[PDB]
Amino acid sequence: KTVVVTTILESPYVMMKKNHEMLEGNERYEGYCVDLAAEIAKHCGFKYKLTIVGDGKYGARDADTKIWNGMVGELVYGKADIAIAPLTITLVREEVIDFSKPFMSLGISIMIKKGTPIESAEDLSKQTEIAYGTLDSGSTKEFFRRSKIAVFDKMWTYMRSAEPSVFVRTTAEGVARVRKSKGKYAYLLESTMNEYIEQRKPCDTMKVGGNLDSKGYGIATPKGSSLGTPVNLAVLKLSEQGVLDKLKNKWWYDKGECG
């Protein structure tokens, strides 16, 4: 059968090709996870169709109805066979879907407009002049909402009460907000995205400080799927053959624009 892959528009993992109007099917998209999908499919021996998740969400569970949205929802309710995306491995997700060993490491990080007098989360937490926010749904938001760490708790308590809202609906919105706010907004986002943006014109943002946590993205399958095992073996093989490194370099650094 043709494997249905759910994924999400997020640079440089999955992007629309420049002439995507005149192209169709999987050929409409480019990026790290596009390449990774091709590799995994080659190693597991399956045909596949790339589909952009309907609600443009990563995956969150409603506290009241217990219903999952986003890519995770697509997996749990039988809409997709596999998610190949920068989907963070988390405990609550692992309880309802299966993850491969991780294919890329990351941690929550801080993005500033160059010139901003901020070097750490503690720095942010100690002041109010510079606003700061996260993506409105996903593992970063959850990290802050659930954290028992003093500094991070202080930051969450600030963020959920800030007027107007400091949360954004896409990474693009967060980056744009950094660039337009003349140093008065800092954006908390996954280090991988931060590092990508740092390598792109107009070269006016930077990652500062260490990461706030350490985790990974994994390939996800519906719980108890037969695809789970071969997909995991493929991730291991791609890791050991240096393919994951080659792809990371390909999409992040090989054509860097900021030196």
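When you see a residue number, it is the position in the sequence shown, counting from 1.
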Mean C-alpha temperature factor, higher of 71 to 79 and 103 to 111: 71 to 79
16 to 24 or 238 to 246, whichever carries the higher mean Cα B-factor: 16 to 24
Criterion, highest CA B-factor; candidates, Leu124, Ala162, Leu189, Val92: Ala162
Options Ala131, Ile84, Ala150, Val96 - largest CA temperature factor per the record: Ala150
CA B-factor placement of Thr65, once the chain's modelled residues are sorted into thirds: middle
Within-chain third of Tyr158 by Cα B-factor, per the entry: highest
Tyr217 CA temperature factor, ranked by third within the chain: lowest
Chain-wide C-alpha B factor ranking for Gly45, given as lowest, middle or highest third: highest
Position of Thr140 among the chain's modelled residues by C-alpha B-factor, lowest, middle or highest third: lowest
